[PDB]
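Participant: The following block contains the structure, expressed as structure tokens.
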Amino acid sequence: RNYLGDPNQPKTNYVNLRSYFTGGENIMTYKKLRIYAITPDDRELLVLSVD
Amino acid sequence: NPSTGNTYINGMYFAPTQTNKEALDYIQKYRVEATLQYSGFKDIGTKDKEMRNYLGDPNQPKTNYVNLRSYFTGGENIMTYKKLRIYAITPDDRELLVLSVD
Amino acid sequence: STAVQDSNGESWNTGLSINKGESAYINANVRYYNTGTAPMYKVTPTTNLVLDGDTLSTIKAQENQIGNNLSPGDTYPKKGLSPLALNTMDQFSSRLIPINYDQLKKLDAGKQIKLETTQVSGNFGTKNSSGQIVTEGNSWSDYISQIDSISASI
Amino acid sequence: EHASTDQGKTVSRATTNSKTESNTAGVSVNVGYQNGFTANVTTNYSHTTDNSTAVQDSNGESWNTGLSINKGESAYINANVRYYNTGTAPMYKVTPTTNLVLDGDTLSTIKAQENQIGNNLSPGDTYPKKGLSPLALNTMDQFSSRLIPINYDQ
Amino acid sequence: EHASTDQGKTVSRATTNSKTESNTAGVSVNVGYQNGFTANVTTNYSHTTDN
Amino acid sequence: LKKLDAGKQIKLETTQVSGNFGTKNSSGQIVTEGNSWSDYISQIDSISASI
């Protein structure tokens with residue numbers, strides 16, 4: 001998606017958390033969050049950590 | 001119903017999980033026995049599934065959805081907290097009880 | 001009296017239109033094979049697309065879907081390639097294959113579309129007054145009926 | 001048919017600032033009897049000034065469903081057909097012409113196109129062969145690019 | 001011909017909060033006769049505030 | 001289209017090629033029309049070894 005929703009900004013990686021395998025439940029702020037980036041080699045790296 | 005807090009049923013979603021993608025694709029044609037408002041507990045038919053977005057969220061995937069408003073009621077409402085039975089029918093015409101309410 | 005009112009709002013609309021005559025387009029990935037004794041040149045099959053008992057379409061292959069060579073035991077596209085797309089209905093490959101609203105509802109209920117080849121067109125190779133192979137005008141359909149009438153199939 | 005489903009959502013906010021200025025003037029005349037005859041005349045005048053302010057916050061939502069209908073082409077028809085041969089000789093490149101009749105009205109006469117031609121048809125055989133599904137006759141023009149329409153009354 | 005049939009349904013909700021401040025000031029002059037000649041002068045001022 | 005902007009690539013595969021070869025007619029002229037290579041692909045590939 002466009003960065004921040006600004007139509008002038010370029011398109012960039014966007015992790016739509018509303019499309020993941022929640023049960024419709026909300027994702028909590030200021031709690032433990034982990035986002036792994038998976039390479040075409042199926043090697044995954046921790047690119048964002050919240051606790 | 002804002003007049004009296006009865007909460008009739010319109011349909012039933014079945015959630016997409018990380019493990020049931022194959023078993024849900026396998027099932028078509030649910031069969032339902034429900035409790036209608038003015039009639040009693042009865043068989044109300046066997047329609048195919050519907051595959052709507054989960055909960056109506058456009059971001060969620062499409063999943064099995066039993067549209068109870070399309071079954072063989074007489075336009076009567078389906079009652080909550082009463083006897084409800086939903087059978088999943090396999091392509092072998094083998095049916096299994098997948099949801100029970102009483 | 002005197003009053004001055006200052007307002008500002010904002011709205012959000014989402015729409016969705018649906019055609020009940022052509023609610024979806026279908027695309028079949030197919031593959032030909034030859035289990036006979038002779039090759040077929042310019043392979044042009046005709047196929048039914050069936051949902052329940054309803055034949056949705058019968059489509060004779062167009063230029064995009066014709067296989068030039070097909071030897072006995074071979075396959076077009078060859079083994080190791082991907083299937084070819086059969087996604088147009090008219091003679092010039094300019095119109096897609098439509099389905100209804102009810103047929104689309106049957107497709108997401110889990111029902112499968114079946115492909116049935118009803119006939120195949122193709123040419124054989126002869127020699128003209130020179131040592132040259134010619135396949136144009138040498139239709140196999142001129143001999144299918146005659147071969148099948150005096151033979152036994154094993 | 002063409003079916004629509006629109007839904008909207010509005011949010012507004014208005015602020016008013018008023019200011020009124022009123023003046024009054026009156027005369028009251030009293031005559032009476034109270035241990036003797038009395039009389040009064042009152043003359044009053046007043047001035048009021050008020051300042052108001054209001055803030056209104058609104059939000060609504062809407063739901064629209066539509067349905068458009070063409071009365072000239074209200075539906076398309078698709079006939080599943082099958083040929084047969086009860087003669088003594090085969091026919092090659094079978095191209096039939098068929099009427100489609102509702103009451104006494106012939107809706108269309110369609111000569112088969114490339115999609116609907118049978119290559120071989122021997123005596124006692126059938127195209128498509130026995131065990132296959134019927135073929136779809138669902139186009140009207142020469143290049144299989146136009147569907148077969150009917151009216152609203154049909 | 002092309003024939004249409006649209007039907008809609010709206011639901012709205014508005015909330016207003018007002019606040020007024022009024023001031024008044026007047027003079028009333030009275031002259032009369034009641035077992036003799038009389039006279040009065042009244043001077044009033046008021047302040048209202050409503051929400 | 002959603003797969004294309006997720007970074008997935010479209011692959012091209014040539015499944016066959018049509019083309020003509022040049023002969024000489026009753027004159028010294030080269031003619032290529034009607035001289036299809038597909039008439040010889042199947043026959044060449046059946047009696048040969050590919051290196």
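Residue names in the structure tokens use chain letters A, B, ... in the order shown, residue numbers from 1 in each chain, and ligand numbers from 1 in the order shown.
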Residues within 12 Å of segment 21-28 of chain F, please, as a PDB file with C-alpha atoms, in the first residue's frame. Count only C-alpha atoms; anything in the same chain fewer than 3 positions from it doesn't count.
Facilitator:
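Okay, this is what ended up in part_3.pdb:
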```pdb
ATOM      1  CA  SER C 130       8.153 -33.749 -55.003  1.00  0.00           C
ATOM      2  CA  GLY C 131       9.809 -35.370 -51.994  1.00  0.00           C
ATOM      3  CA  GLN C 132       8.037 -32.855 -49.796  1.00  0.00           C
TER       4      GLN C 132
ATOM      5  CA  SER F  18       5.787 -22.167 -36.362  1.00  0.00           C
ATOM      6  CA  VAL F  31       9.720 -19.570 -52.039  1.00  0.00           C
ATOM      7  CA  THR F  32       8.878 -20.000 -48.360  1.00  0.00           C
ATOM      8  CA  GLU F  33       5.077 -19.889 -48.391  1.00  0.00           C
ATOM      9  CA  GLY F  34       3.526 -23.258 -47.659  1.00  0.00           C
ATOM     10  CA  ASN F  35       6.821 -24.790 -46.526  1.00  0.00           C
ATOM     11  CA  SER F  36       5.972 -25.448 -42.899  1.00  0.00           C
ATOM     12  CA  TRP F  37       8.564 -26.869 -40.513  1.00  0.00           C
ATOM     13  CA  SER F  38       5.852 -28.650 -38.519  1.00  0.00           C
ATOM     14  CA  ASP F  39       5.549 -31.208 -41.310  1.00  0.00           C
ATOM     15  CA  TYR F  40       9.083 -32.332 -40.473  1.00  0.00           C
TER      16      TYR F  40
END
```
Participant: Could you give me, as an MDAnalysis selection string, the residues within 7 Å of residue 28 of chain E, counting only C-alpha atoms and dropping anything in the same chain fewer than 6 positions from it?
Facilitator: (chainID D and resid 42:45) or (chainID E and resid 41:43)
Participant: For those residues, write N, CA and C atoms to a file as a PDB file, in the first residue's frame.
Facilitator:
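Saved file result.pdb follows:
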```pdb
ATOM      1  N   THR D  42     -47.776  53.262  35.095  1.00  0.00           N
ATOM      2  CA  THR D  42     -46.419  52.735  35.070  1.00  0.00           C
ATOM      3  C   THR D  42     -45.891  52.831  33.651  1.00  0.00           C
ATOM      4  N   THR D  43     -44.633  53.221  33.515  1.00  0.00           N
ATOM      5  CA  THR D  43     -43.955  53.268  32.232  1.00  0.00           C
ATOM      6  C   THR D  43     -42.620  52.553  32.357  1.00  0.00           C
ATOM      7  N   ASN D  44     -42.503  51.393  31.725  1.00  0.00           N
ATOM      8  CA  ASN D  44     -41.291  50.600  31.808  1.00  0.00           C
ATOM      9  C   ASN D  44     -40.634  50.484  30.444  1.00  0.00           C
ATOM     10  N   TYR D  45     -39.327  50.251  30.466  1.00  0.00           N
ATOM     11  CA  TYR D  45     -38.570  49.942  29.265  1.00  0.00           C
ATOM     12  C   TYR D  45     -37.398  49.065  29.661  1.00  0.00           C
TER      13      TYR D  45
ATOM     14  N   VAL E  41     -39.500  54.706  41.287  1.00  0.00           N
ATOM     15  CA  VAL E  41     -38.584  54.375  40.204  1.00  0.00           C
ATOM     16  C   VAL E  41     -37.914  53.060  40.561  1.00  0.00           C
ATOM     17  N   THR E  42     -38.108  52.046  39.725  1.00  0.00           N
ATOM     18  CA  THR E  42     -37.492  50.739  39.907  1.00  0.00           C
ATOM     19  C   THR E  42     -36.384  50.580  38.883  1.00  0.00           C
ATOM     20  N   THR E  43     -35.264  50.017  39.306  1.00  0.00           N
ATOM     21  CA  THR E  43     -34.152  49.708  38.426  1.00  0.00           C
ATOM     22  C   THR E  43     -33.731  48.266  38.656  1.00  0.00           C
TER      23      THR E  43
END
```
Participant: Any idea what's packed within 12 Å of residue 46 of chain F, counting only C-alpha atoms, ignoring anything in its chain fewer than 6 positions away? Could you give it as a PyMOL selection string?
Facilitator: (chain C and resi 38-39+69-74) or (chain F and resi 40)
Participant: May I have the residues of chain C within 10 Å of chain B, counting only C-alpha atoms, written as a PyMOL selection string?
Facilitator: chain C and resi 105-111
Participant: Write the selection just made, keeping N, CA and C atoms, as a PDB file, in the first residue's frame?
Facilitator:
```pdb
ATOM      1  N   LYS C 105     -22.643 -19.845  -8.038  1.00  0.00           N
ATOM      2  CA  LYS C 105     -22.964 -20.316  -6.696  1.00  0.00           C
ATOM      3  C   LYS C 105     -22.702 -21.805  -6.551  1.00  0.00           C
ATOM      4  N   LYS C 106     -22.913 -22.575  -7.616  1.00  0.00           N
ATOM      5  CA  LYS C 106     -22.558 -23.989  -7.580  1.00  0.00           C
ATOM      6  C   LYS C 106     -21.054 -24.192  -7.542  1.00  0.00           C
ATOM      7  N   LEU C 107     -20.288 -23.296  -8.156  1.00  0.00           N
ATOM      8  CA  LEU C 107     -18.846 -23.485  -8.188  1.00  0.00           C
ATOM      9  C   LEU C 107     -18.198 -23.236  -6.837  1.00  0.00           C
ATOM     10  N   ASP C 108     -18.707 -22.291  -6.052  1.00  0.00           N
ATOM     11  CA  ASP C 108     -18.135 -22.078  -4.733  1.00  0.00           C
ATOM     12  C   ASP C 108     -18.802 -22.917  -3.656  1.00  0.00           C
ATOM     13  N   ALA C 109     -19.824 -23.695  -4.003  1.00  0.00           N
ATOM     14  CA  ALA C 109     -20.299 -24.730  -3.100  1.00  0.00           C
ATOM     15  C   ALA C 109     -19.401 -25.952  -3.115  1.00  0.00           C
ATOM     16  N   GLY C 110     -18.431 -26.006  -4.023  1.00  0.00           N
ATOM     17  CA  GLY C 110     -17.506 -27.113  -4.116  1.00  0.00           C
ATOM     18  C   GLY C 110     -17.697 -28.003  -5.320  1.00  0.00           C
ATOM     19  N   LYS C 111     -18.681 -27.733  -6.168  1.00  0.00           N
ATOM     20  CA  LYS C 111     -18.920 -28.563  -7.338  1.00  0.00           C
ATOM     21  C   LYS C 111     -17.849 -28.329  -8.394  1.00  0.00           C
TER      22      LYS C 111
END
```
Participant: What lies within 8 Å of segment 14-20 of chain E using only C-alpha atoms, ignoring chain neighbours under 6 positions off, as a PyMOL selection string?
Facilitator: (chain D and resi 50-59) or (chain E and resi 48-51)
Participant: Could you check how far atom CA of residue 15 of chain A sits from atom CA of residue 48 of chain A, in Å to one decimal?
Facilitator: 11.5 Å
Participant: Residues near residue 137 of chain C, anyone? I mean within 10 Å using only C-alpha atoms, not counting same-chain ones fewer than 3 positions away, as number ranges by chain.
Facilitator: C: 122-125, 134, 140
Participant: Atoms to include: N, CA, C and O atoms. Write the selected residues as an mmCIF file, in the first residue's frame.
Facilitator:
```
data_model
loop_
_atom_site.group_PDB
_atom_site.id
_atom_site.type_symbol
_atom_site.label_atom_id
_atom_site.label_comp_id
_atom_site.auth_asym_id
_atom_site.auth_seq_id
_atom_site.Cartn_x
_atom_site.Cartn_y
_atom_site.Cartn_z
ATOM 1 N N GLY C 122 -7.503 -32.872 -37.123
ATOM 2 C CA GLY C 122 -6.070 -32.921 -37.327
ATOM 3 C C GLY C 122 -5.754 -33.449 -38.702
ATOM 4 O O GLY C 122 -6.603 -34.025 -39.380
ATOM 5 N N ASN C 123 -4.502 -33.257 -39.096
ATOM 6 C CA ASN C 123 -4.029 -33.584 -40.427
ATOM 7 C C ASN C 123 -2.997 -34.698 -40.377
ATOM 8 O O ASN C 123 -2.353 -34.932 -39.356
ATOM 9 N N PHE C 124 -2.844 -35.391 -41.496
ATOM 10 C CA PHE C 124 -1.772 -36.352 -41.680
ATOM 11 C C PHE C 124 -0.870 -35.881 -42.810
ATOM 12 O O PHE C 124 -1.217 -34.986 -43.577
ATOM 13 N N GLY C 125 0.305 -36.493 -42.911
ATOM 14 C CA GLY C 125 1.323 -36.072 -43.854
ATOM 15 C C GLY C 125 1.469 -37.065 -44.996
ATOM 16 O O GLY C 125 1.626 -38.263 -44.772
ATOM 17 N N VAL C 134 3.419 -32.760 -47.182
ATOM 18 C CA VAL C 134 2.350 -31.776 -47.107
ATOM 19 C C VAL C 134 1.276 -32.317 -46.176
ATOM 20 O O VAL C 134 0.915 -33.494 -46.260
ATOM 21 N N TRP C 140 -8.034 -36.008 -41.005
ATOM 22 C CA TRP C 140 -8.247 -37.344 -40.462
ATOM 23 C C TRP C 140 -9.721 -37.710 -40.390
ATOM 24 O O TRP C 140 -10.057 -38.900 -40.341
#
```
Participant: I'd like to know which residues of segment 40-99 of chain C are strand (DSSP E) (by DSSP, run on the backbone); could you write them as a list in words?
Facilitator: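 Answer for segment 40-99 of chain C, restricted to strand (DSSP E): residues 40, 41, 42, 43, 44, 45, 46, 47, 48, 49, 50, 55, 56, 57, 58, 59, 60, 67, 68, 69, 70, 75, 76, 84, 85, 86, 98 and 99 of chain C.
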Participant: Can you write just those residues out, N, CA, C and O atoms, as a CSV table (one decimal), in the first residue's frame?
Facilitator:
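Printed below is selection-v6.csv as written:
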```csv
chain,number,residue,atom,x,y,z
C,40,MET,N,-0.6,-36.7,-35.2
C,40,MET,CA,-1.6,-35.7,-35.7
C,40,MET,C,-1.0,-34.3,-35.8
C,40,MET,O,-0.2,-33.9,-34.9
C,41,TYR,N,-1.2,-33.7,-36.9
C,41,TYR,CA,-0.7,-32.3,-37.1
C,41,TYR,C,-1.9,-31.4,-37.1
C,41,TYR,O,-3.0,-31.6,-37.5
C,42,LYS,N,-1.6,-30.2,-36.5
C,42,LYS,CA,-2.7,-29.2,-36.3
C,42,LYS,C,-3.8,-29.7,-35.5
C,42,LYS,O,-5.0,-29.7,-35.9
C,43,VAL,N,-3.5,-30.1,-34.2
C,43,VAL,CA,-4.5,-30.7,-33.4
C,43,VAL,C,-5.5,-29.7,-32.9
C,43,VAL,O,-5.2,-28.7,-32.3
C,44,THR,N,-6.8,-29.9,-33.2
C,44,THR,CA,-7.9,-29.0,-32.9
C,44,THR,C,-9.0,-29.8,-32.2
C,44,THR,O,-10.0,-30.3,-32.9
C,45,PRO,N,-9.0,-29.9,-30.9
C,45,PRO,CA,-10.1,-30.6,-30.2
C,45,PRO,C,-11.3,-29.8,-29.9
C,45,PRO,O,-11.2,-28.5,-29.8
C,46,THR,N,-12.4,-30.4,-29.7
C,46,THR,CA,-13.7,-29.8,-29.2
C,46,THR,C,-14.1,-30.4,-27.9
C,46,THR,O,-14.1,-31.6,-27.7
C,47,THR,N,-14.4,-29.5,-26.9
C,47,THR,CA,-14.5,-30.0,-25.6
C,47,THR,C,-15.8,-29.4,-25.0
C,47,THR,O,-16.2,-28.3,-25.2
C,48,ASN,N,-16.5,-30.3,-24.2
C,48,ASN,CA,-17.6,-29.8,-23.4
C,48,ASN,C,-17.1,-29.4,-22.0
C,48,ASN,O,-16.2,-30.0,-21.5
C,49,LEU,N,-17.8,-28.4,-21.4
C,49,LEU,CA,-17.6,-28.0,-20.0
C,49,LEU,C,-18.9,-28.2,-19.3
C,49,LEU,O,-19.9,-27.5,-19.6
C,50,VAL,N,-18.9,-29.1,-18.3
C,50,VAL,CA,-20.2,-29.6,-17.7
C,50,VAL,C,-20.1,-29.3,-16.2
C,50,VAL,O,-19.1,-29.6,-15.6
C,55,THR,N,-24.3,-28.6,-19.9
C,55,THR,CA,-23.1,-28.2,-20.7
C,55,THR,C,-23.0,-26.7,-20.7
C,55,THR,O,-23.9,-26.1,-21.4
C,56,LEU,N,-22.0,-26.2,-20.1
C,56,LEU,CA,-21.8,-24.7,-20.1
C,56,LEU,C,-21.4,-24.2,-21.5
C,56,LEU,O,-22.0,-23.3,-22.0
C,57,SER,N,-20.4,-24.9,-22.1
C,57,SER,CA,-20.0,-24.5,-23.4
C,57,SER,C,-19.3,-25.7,-24.1
C,57,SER,O,-18.8,-26.6,-23.4
C,58,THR,N,-19.3,-25.6,-25.4
C,58,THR,CA,-18.5,-26.5,-26.2
C,58,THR,C,-17.6,-25.5,-27.1
C,58,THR,O,-18.2,-24.7,-27.8
C,59,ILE,N,-16.3,-25.7,-27.0
C,59,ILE,CA,-15.4,-24.8,-27.6
C,59,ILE,C,-14.4,-25.5,-28.5
C,59,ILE,O,-13.7,-26.4,-28.0
C,60,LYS,N,-14.4,-25.2,-29.8
C,60,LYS,CA,-13.4,-25.7,-30.7
C,60,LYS,C,-12.1,-24.8,-30.5
C,60,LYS,O,-12.2,-23.6,-30.5
C,67,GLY,N,-2.3,-27.5,-31.2
C,67,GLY,CA,-1.0,-28.1,-31.1
C,67,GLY,C,-0.5,-28.5,-32.5
C,67,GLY,O,-1.2,-29.2,-33.3
C,68,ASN,N,0.7,-28.1,-32.8
C,68,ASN,CA,1.2,-28.3,-34.2
C,68,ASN,C,1.6,-29.7,-34.4
C,68,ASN,O,1.2,-30.3,-35.5
C,69,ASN,N,2.3,-30.4,-33.5
C,69,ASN,CA,2.7,-31.8,-33.6
C,69,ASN,C,2.3,-32.5,-32.4
C,69,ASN,O,2.2,-31.9,-31.3
C,70,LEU,N,1.9,-33.8,-32.6
C,70,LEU,CA,1.6,-34.6,-31.4
C,70,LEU,C,1.9,-36.1,-31.9
C,70,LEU,O,1.1,-36.7,-32.5
C,75,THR,N,2.7,-35.6,-25.9
C,75,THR,CA,1.7,-34.8,-25.1
C,75,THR,C,1.9,-33.3,-25.5
C,75,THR,O,3.1,-32.9,-25.7
C,76,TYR,N,0.9,-32.6,-25.7
C,76,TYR,CA,1.0,-31.1,-26.0
C,76,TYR,C,0.3,-30.3,-24.9
C,76,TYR,O,-0.9,-30.5,-24.8
C,84,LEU,N,-1.9,-25.7,-21.1
C,84,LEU,CA,-2.3,-24.5,-21.9
C,84,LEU,C,-3.6,-24.1,-21.4
C,84,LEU,O,-4.5,-24.8,-20.9
C,85,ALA,N,-3.8,-22.8,-21.6
C,85,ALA,CA,-5.1,-22.1,-21.1
C,85,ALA,C,-6.1,-22.1,-22.2
C,85,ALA,O,-5.8,-21.7,-23.3
C,86,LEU,N,-7.3,-22.6,-21.9
C,86,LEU,CA,-8.4,-22.5,-22.8
C,86,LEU,C,-9.4,-21.5,-22.1
C,86,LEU,O,-10.2,-21.9,-21.3
C,98,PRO,N,-18.3,-17.2,-20.2
C,98,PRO,CA,-19.0,-16.8,-19.0
C,98,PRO,C,-19.9,-17.9,-18.4
C,98,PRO,O,-20.2,-18.9,-19.0
C,99,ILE,N,-20.2,-17.6,-17.1
C,99,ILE,CA,-21.2,-18.5,-16.4
C,99,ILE,C,-22.2,-17.6,-15.7
C,99,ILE,O,-22.0,-16.4,-15.6
```
Participant: Fewer than 6 positions away in the same chain doesn't count, so skip those; otherwise give me all residues within 12 Å of residue 123 of chain D, counting only C-alpha atoms, as JSON, numbers by chain.
Facilitator: {"C": [145, 146, 149], "D": [83, 84, 85, 86, 87, 88, 89, 90, 91, 92]}
Participant: Rounded to one decimal in Å, what is the spacing between atom CA of residue 32 of chain E and atom CA of residue 38 of chain D?
Facilitator: 7.4 Å
Participant: Which residues come within 12 Å of residue 11 of chain C, counting only C-alpha atoms, excluding same-chain residues fewer than 2 positions away, as a list in words?
Facilitator: residues 8, 9, 13 and 14 of chain C; 7, 8, 9, 10, 11, 12, 58, 59, 60, 61 and 62 of chain D
Participant: Output N, CA, C and O atoms for every residue in that selection, as a short mmCIF file (atom, residue, chain, number, x, y, z; two decimals), in the first residue's frame.
Facilitator:
```cif
data_model
loop_
_atom_site.label_atom_id
_atom_site.label_comp_id
_atom_site.auth_asym_id
_atom_site.auth_seq_id
_atom_site.Cartn_x
_atom_site.Cartn_y
_atom_site.Cartn_z
N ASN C 8 -18.86 21.17 8.68
CA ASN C 8 -18.06 20.37 7.77
C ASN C 8 -18.26 18.90 8.08
O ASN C 8 -18.19 18.49 9.24
N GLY C 9 -18.52 18.11 7.04
CA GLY C 9 -18.70 16.68 7.18
C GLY C 9 -17.73 15.91 6.31
O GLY C 9 -16.78 16.46 5.76
N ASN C 13 -18.44 5.87 0.84
CA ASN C 13 -19.34 4.96 0.16
C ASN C 13 -18.56 3.81 -0.45
O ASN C 13 -17.51 4.01 -1.04
N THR C 14 -19.09 2.60 -0.30
CA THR C 14 -18.57 1.42 -0.98
C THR C 14 -19.70 0.80 -1.78
O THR C 14 -20.82 0.66 -1.28
N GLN D 7 -23.39 0.97 0.32
CA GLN D 7 -23.55 1.36 1.72
C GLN D 7 -22.64 2.53 2.02
O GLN D 7 -21.48 2.55 1.60
N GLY D 8 -23.17 3.51 2.75
CA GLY D 8 -22.44 4.73 3.05
C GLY D 8 -22.34 4.96 4.55
O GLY D 8 -22.85 4.18 5.35
N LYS D 9 -21.65 6.04 4.89
CA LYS D 9 -21.39 6.39 6.28
C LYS D 9 -20.97 7.84 6.33
O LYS D 9 -19.95 8.20 5.73
N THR D 10 -21.73 8.68 7.02
CA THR D 10 -21.45 10.10 7.10
C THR D 10 -21.10 10.49 8.53
O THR D 10 -21.48 9.81 9.49
N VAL D 11 -20.35 11.59 8.66
CA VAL D 11 -19.99 12.16 9.95
C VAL D 11 -19.93 13.67 9.77
O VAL D 11 -19.11 14.16 8.99
N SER D 12 -20.77 14.40 10.49
CA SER D 12 -20.83 15.85 10.35
C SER D 12 -20.61 16.53 11.69
O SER D 12 -20.60 15.90 12.74
N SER D 58 -23.15 14.77 14.35
CA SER D 58 -24.02 13.79 13.72
C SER D 58 -23.20 12.67 13.10
O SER D 58 -22.01 12.83 12.83
N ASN D 59 -23.85 11.54 12.88
CA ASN D 59 -23.31 10.49 12.01
C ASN D 59 -24.43 9.54 11.63
O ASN D 59 -25.18 9.09 12.49
N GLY D 60 -24.52 9.24 10.34
CA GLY D 60 -25.52 8.32 9.83
C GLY D 60 -24.88 7.18 9.07
O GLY D 60 -23.66 6.98 9.10
N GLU D 61 -25.74 6.41 8.40
CA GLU D 61 -25.31 5.34 7.51
C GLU D 61 -26.50 4.94 6.65
O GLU D 61 -27.64 5.03 7.08
N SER D 62 -26.21 4.49 5.44
CA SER D 62 -27.24 4.16 4.48
C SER D 62 -26.96 2.81 3.85
O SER D 62 -25.86 2.27 3.95
#
```
Participant: Please find the residues of chain D near chain C - the criterion being any atom within 9 Å, counting only C-alpha atoms - and write them as a count of residues only.
Facilitator: 56
Participant: To one decimal place in Å, what is the distance between atom CA of residue 75 of chain B and atom CA of residue 69 of chain D?
Facilitator: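 Those two atoms sit 27.3 Å apart.
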Participant: For a quick test of understanding: name the residues of chain A lying within 12 Å of chain F when counting only C-alpha atoms, and present them as a ChimeraX atom specification.
Facilitator: /A:1,11-15,39-40
Participant: Would you list which chain E residues are within 6 Å of chain D using only C-alpha atoms, as a PDB file with C-alpha atoms, in the first residue's frame?
Facilitator:
```pdb
ATOM      1  CA  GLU E   1     -36.062  -0.056 -22.499  1.00  0.00           C
ATOM      2  CA  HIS E   2     -34.047  -0.060 -19.284  1.00  0.00           C
ATOM      3  CA  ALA E   3     -36.057  -0.294 -16.064  1.00  0.00           C
ATOM      4  CA  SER E   4     -34.659   0.271 -12.575  1.00  0.00           C
ATOM      5  CA  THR E   5     -35.878  -0.273  -9.012  1.00  0.00           C
ATOM      6  CA  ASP E   6     -33.761   1.188  -6.218  1.00  0.00           C
ATOM      7  CA  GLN E   7     -34.613   1.083  -2.527  1.00  0.00           C
ATOM      8  CA  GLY E   8     -32.653   2.632   0.319  1.00  0.00           C
ATOM      9  CA  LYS E   9     -32.627   2.807   4.096  1.00  0.00           C
ATOM     10  CA  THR E  10     -30.992   5.462   6.280  1.00  0.00           C
ATOM     11  CA  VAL E  11     -30.281   5.686  10.015  1.00  0.00           C
ATOM     12  CA  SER E  12     -28.963   8.885  11.579  1.00  0.00           C
ATOM     13  CA  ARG E  13     -28.177  10.205  15.052  1.00  0.00           C
ATOM     14  CA  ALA E  14     -27.457  13.806  16.083  1.00  0.00           C
ATOM     15  CA  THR E  15     -26.528  15.372  19.433  1.00  0.00           C
ATOM     16  CA  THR E  16     -26.599  19.089  20.234  1.00  0.00           C
ATOM     17  CA  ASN E  17     -25.185  20.946  23.233  1.00  0.00           C
ATOM     18  CA  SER E  18     -26.150  24.602  23.595  1.00  0.00           C
ATOM     19  CA  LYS E  19     -25.241  27.297  26.099  1.00  0.00           C
ATOM     20  CA  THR E  20     -26.901  30.715  26.346  1.00  0.00           C
ATOM     21  CA  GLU E  21     -26.037  33.781  28.437  1.00  0.00           C
ATOM     22  CA  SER E  22     -28.620  36.552  28.729  1.00  0.00           C
ATOM     23  CA  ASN E  23     -28.454  39.917  30.486  1.00  0.00           C
ATOM     24  CA  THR E  24     -31.339  42.291  31.161  1.00  0.00           C
ATOM     25  CA  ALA E  25     -31.662  45.836  32.464  1.00  0.00           C
ATOM     26  CA  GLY E  26     -34.742  48.001  32.782  1.00  0.00           C
ATOM     27  CA  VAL E  27     -36.283  51.025  34.451  1.00  0.00           C
ATOM     28  CA  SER E  28     -39.909  51.304  35.565  1.00  0.00           C
ATOM     29  CA  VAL E  29     -41.403  54.684  36.481  1.00  0.00           C
ATOM     30  CA  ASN E  30     -44.684  54.844  38.393  1.00  0.00           C
ATOM     31  CA  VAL E  31     -46.798  57.869  39.330  1.00  0.00           C
ATOM     32  CA  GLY E  32     -50.193  57.724  40.939  1.00  0.00           C
ATOM     33  CA  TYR E  33     -52.611  58.758  43.647  1.00  0.00           C
ATOM     34  CA  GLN E  34     -53.420  56.727  46.758  1.00  0.00           C
TER      35      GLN E  34
END
```
Participant: Could you work out which residues of chain B fall inside 9 Å of chain A? Count only C-alpha atoms, and format the result as a PyMOL selection string.
Facilitator: chain B and resi 15-18+54-55+57-61
